[PDB]
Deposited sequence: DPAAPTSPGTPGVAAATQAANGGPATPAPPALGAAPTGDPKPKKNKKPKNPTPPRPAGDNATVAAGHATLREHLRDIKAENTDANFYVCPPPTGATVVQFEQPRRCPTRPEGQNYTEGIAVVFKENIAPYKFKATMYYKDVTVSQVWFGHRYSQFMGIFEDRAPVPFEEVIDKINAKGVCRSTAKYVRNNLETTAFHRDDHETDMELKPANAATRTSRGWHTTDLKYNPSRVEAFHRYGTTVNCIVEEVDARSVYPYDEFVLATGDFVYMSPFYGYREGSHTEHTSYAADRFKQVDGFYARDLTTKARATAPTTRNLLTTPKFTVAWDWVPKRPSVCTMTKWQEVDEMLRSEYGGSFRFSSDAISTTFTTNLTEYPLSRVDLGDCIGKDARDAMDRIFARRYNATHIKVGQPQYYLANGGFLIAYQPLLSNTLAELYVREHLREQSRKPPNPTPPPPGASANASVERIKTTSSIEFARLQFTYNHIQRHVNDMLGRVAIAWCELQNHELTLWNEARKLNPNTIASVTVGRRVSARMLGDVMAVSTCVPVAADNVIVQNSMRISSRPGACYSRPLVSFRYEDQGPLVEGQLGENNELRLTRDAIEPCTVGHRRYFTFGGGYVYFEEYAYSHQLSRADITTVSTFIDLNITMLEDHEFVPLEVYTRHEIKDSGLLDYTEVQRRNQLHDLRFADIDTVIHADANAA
């Protein structure tokens, strides 16, 4: 008769289970809890870095340009037999009396050179106090004053060597720069001075390093400087230093050391700096600069910092300013400011805050912020902050992803527990399909009260199943079968079995499934890889799944992967671009300069 038109499936005989095998459903699981969560402290921060910048100040130089030339005369020319140039230090006396008082300078220089007291005379005449005319126009320089525009040369005497002295008294304002430990400094002209710029008398600054004779240094109390250009006196009374070097004299207003230098520099003021304790370490996170710093749980004492006067003062001046701008009505200062040393060598000044609304915790926390209180050297700061920003970025994504998937993991678990209650009611309705989906294999099931009995199924080949043409019971008219009759064999050569088709291609051995006849009885029955269609209890034809419209119970979820991505090296200016930005390269110049003999002369030839 009729075999299956679709052979791409299996049939199963499903005998009733005895109770030899019994199973139960797993009870609901204890669901994970959301973590308590990191507690953040609100605070104002000031981050500090290593000071790499030198101390800078204003200074004035006083010297003279002593030039002695030697000229020869012939027919009819002249030729310098030599030009001797030297720098003569202007003694304290002339500066205060001739310059700063009148604006004039001497036409004579007198100084110590190579262990002899030499004396020069401008124009080889005698003393004459000469006004200090401003220096010629030159951009990006300080002001300057000279007394003579010209070099003096001897009158012509044929076939003779004559000498001419020139004296130009020079006063220029210069910048001075000193580096740690501030025991010597340099001028804009390139001259070194081997003394601390804080060497004076007032207070204990006479302890500073000097390498010159005591008589080279003098300090004037109440020194009223007079602008050599506007001829104006100074309304302010400044203390003024004067050191006389072998080549010059340097004047500058003296100032105390500590309130003027610092081995630390204020870097970032942070309005909202959240501190969380995490792992026996502190995390100072700033949303505004995307930076997270890591420190120990103990403060760093500023008494361990060499020359760190500016730290306390700068940290307070900012915090007060910020507190008054942002928190002057919303929070409360909890304790004095704190200082922690962060990885990378950053010093963090921190002022814990507490919300007005939660003021009931002040004491509880005030005690805590006092636990961290501190019971000389130099801090070294890295040049790259990128690690602390990697930290910040990573922590933030990490915290978010873990939070969210954590929530999903819980919601997933709750839903599994809840749906068990549906599975429990479903299993009574259709023990076979439920048990099969639960276990993972087509089995036969039957409730034994509260547990579920399970027996295995037996496969039957598709070509071994024949469906009978009719569904009407001839013996007792007025009654028919609900589902079609079938015949089959387990093995290919075996005998036929009288059976009835059940759901899911199950072959039932009892033909008991009986219903009273009806009109227009049209049914589709699952049969093989498709359906068999009956019309009024008579076989019509078979058909395929594709012939019937499909609708889904499934809820779509469209997850795609985040693709691989390659980060290439990328620099704004490469290390070489930075080197080449310098206008002159000392090394390059010296290398050429010192090749000059080799390139253009002969250092390996003696004449006799």
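The deposited chain is incompletely modelled, with C-alpha atoms absent over 1-75, 451-464, 698-703.
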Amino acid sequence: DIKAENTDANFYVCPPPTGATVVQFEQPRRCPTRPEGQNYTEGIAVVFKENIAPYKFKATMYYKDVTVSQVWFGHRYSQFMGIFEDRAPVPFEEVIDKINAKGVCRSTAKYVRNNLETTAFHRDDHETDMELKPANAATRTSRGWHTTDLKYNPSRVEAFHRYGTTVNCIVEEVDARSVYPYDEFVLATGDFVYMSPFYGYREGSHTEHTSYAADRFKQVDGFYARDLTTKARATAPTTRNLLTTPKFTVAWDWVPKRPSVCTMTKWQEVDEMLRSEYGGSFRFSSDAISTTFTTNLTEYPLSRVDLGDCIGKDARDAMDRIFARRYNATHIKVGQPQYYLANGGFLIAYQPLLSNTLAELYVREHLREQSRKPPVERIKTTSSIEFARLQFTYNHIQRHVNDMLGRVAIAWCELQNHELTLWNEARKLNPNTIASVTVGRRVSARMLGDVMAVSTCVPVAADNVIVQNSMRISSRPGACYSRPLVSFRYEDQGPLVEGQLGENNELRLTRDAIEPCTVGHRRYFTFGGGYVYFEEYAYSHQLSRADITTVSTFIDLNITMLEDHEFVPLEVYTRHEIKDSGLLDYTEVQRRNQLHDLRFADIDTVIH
From here on, numbers count along this sequence of modelled residues.
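Here 194-202 and 269-277 are compared by their mean Cα B-factor, and 194-202 comes out higher.
In this entry, 66-74 shows the higher mean Cα temperature factor of the pair 66-74 and 562-570. Out of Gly222, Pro484, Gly406, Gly530, the entry records its largest CA B-factor for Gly222. Of the candidates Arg427, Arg226, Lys151, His331, it is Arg226 whose Cα B-factor is highest according to the PDB record. Annotation for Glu36: CA B-factor lies in the highest third of the chain's modelled residues. Sort the modelled residues of the chain by CA B factor and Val179 lands in the lowest third. When the modelled residues of the chain are ordered by their C-alpha B factor, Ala479 lands in the highest third. In the deposited entry, the Cα temperature factor of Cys14 places it in the middle third of its chain's modelled residues. Residue-level temperature factors show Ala234 in the highest third of its chain, judged at the C-alpha atom.
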